[PDB]
Structure formats: structure tokens, C-alpha cells
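To start, the structure under review is shown below, and the notes come after it.
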Amino acid sequence: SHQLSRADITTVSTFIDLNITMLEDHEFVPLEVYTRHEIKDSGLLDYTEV
Amino acid sequence: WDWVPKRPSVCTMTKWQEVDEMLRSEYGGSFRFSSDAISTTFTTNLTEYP
């Protein structure tokens with residue numbers, strides 16, 4: 001009768017779709033609640049400075 | 001010294017982080033605030049803090 005392209009025929013999927021994605025490369029910045037400085041400044045007086 | 005009113009001159013909390021994208025979610029009757037920018041997750045009670 002005639003030739004037919006593959007895309008011309010609907011295809012049913014025999015594969016189970018298992019979607020696994022990698023974990024995003026995540027960069028941890030230096031985060032400090034109080035720096036050694038803030039902490040040194042937290043003192044009401046510094047004997048050294050005084 | 002130059003006098004200033006106490007209420008707008010002191011600040012018992014200090015702006016520590018400015019998070020552009022802080023996702024908020026509700027789970028286990030608590031709010032999780034996760035920041036990917038500083039890689040930090042906080043847990044709060046569902047109620048607002050007066």
C-alpha cells in the first residue's frame with residue numbers, strides 16, 4: 001500500500017518514568033550570628049583600649 | 001552629650017540578615033522559614049509575635 005513515517009503512528013510507552021534529579025550544588029556562605037568583633041565590642045569597657 | 005529620645009535611639013534587636021527569598025511553610029503546627037541564600041532554617045510558633 002505505502003510507506004509510513006514512525007511519527008505518523010502514535011506510540012504507547014512501555015517504560016516506567018523514574019525521574020531522579022541531582023541535588024543542587026549548594027554553597028554555604030560564612031554566616032555568624034555575632035563575629036569575634038561584635039562580641040569584643042559587646043563588652044561595655046575594654047581594659048586594653050582604656 | 002546631645003540628647004536623643006530613648007525610644008527611637010535604642011534597638012534591643014539588631015537587623016542581622018536581609019533575606020530576599022525566605023520561603024515560609026507550615027508543618028507540625030509550626031512555621032519553617034528557610035533561606036537558601038544564607039542556608040538557614042528557623043522554626044517559629046504559628047502565632048505572630050506581638
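The way I read the labels, and the way they are meant: chains A, B, ... in the order of the C-alpha cells, residue 1 as the first residue of every chain, and ligand 1 as the first ligand shown, with later ones counted on from there.
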### Task
Identify every residue of chain B that has at least one atom within 9 Å of any atom of chain A, counting only C-alpha atoms, and report the result as a VMD selection string.
chain B and resid 16 36 to 39
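A straight line drawn from CA of residue 47 (chain B) to CA of residue 29 (chain B) is 9.8 Å long.
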### Task
Would you mind telling me which residue in B:3, B:9, B:50, B:17 lies nearest to residue 35 (chain B) when using only C-alpha atoms?
B:17
### Query
So what do you get for CA of residue 4 (chain B) versus CA of residue 18 (chain B), distance-wise?
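Computed distance, CA of residue 4 (chain B) to CA of residue 18 (chain B), equals 27.2 Å.
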### Task
Going by DSSP on the backbone, which bits of chain B are strand (DSSP E)? Write them as a PyMOL selection string, please.
chain B and resi 22-27+30-35+40-45
Please dump the current selection as an mmCIF file, in the first residue's frame; keep C-alpha atoms.
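Done, and the output landed in out.cif:
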```cif
data_model
loop_
_atom_site.group_PDB
_atom_site.id
_atom_site.type_symbol
_atom_site.label_atom_id
_atom_site.label_comp_id
_atom_site.auth_asym_id
_atom_site.auth_seq_id
_atom_site.Cartn_x
_atom_site.Cartn_y
_atom_site.Cartn_z
ATOM 1 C CA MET B 22 12.712 33.446 52.644
ATOM 2 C CA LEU B 23 10.305 30.598 51.999
ATOM 3 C CA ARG B 24 7.691 30.173 54.715
ATOM 4 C CA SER B 25 5.904 26.894 55.231
ATOM 5 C CA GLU B 26 3.528 25.448 57.809
ATOM 6 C CA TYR B 27 4.098 21.968 59.186
ATOM 7 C CA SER B 30 4.897 25.437 63.332
ATOM 8 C CA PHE B 31 6.284 27.797 60.715
ATOM 9 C CA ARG B 32 9.551 26.983 58.972
ATOM 10 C CA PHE B 33 11.363 29.948 57.450
ATOM 11 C CA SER B 34 14.061 28.627 55.091
ATOM 12 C CA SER B 35 16.601 30.851 53.331
ATOM 13 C CA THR B 40 19.431 28.840 57.325
ATOM 14 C CA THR B 41 16.123 27.441 58.530
ATOM 15 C CA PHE B 42 14.241 28.838 61.539
ATOM 16 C CA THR B 43 11.237 27.384 63.340
ATOM 17 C CA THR B 44 8.552 29.562 64.912
ATOM 18 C CA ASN B 45 5.184 29.132 66.570
#
```
### Task
Per DSSP on the backbone, filter chain B down to the residues in alpha helix (DSSP H) and report them as a PyMOL selection string.
chain B and resi 6-9
Export of the given selection (C-alpha atoms) as a tab-separated table (two decimals), in the first residue's frame:
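Output contents, as saved in out.tsv:
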```tsv
chain	number	residue	atom	x	y	z
B	6	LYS	CA	15.24	56.77	74.19
B	7	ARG	CA	12.51	55.01	72.24
B	8	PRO	CA	13.81	55.69	68.67
B	9	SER	CA	17.52	55.73	69.66
```
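Distance-wise, CA of residue 15 (chain B) and CA of residue 47 (chain A) end up 28.2 Å apart.
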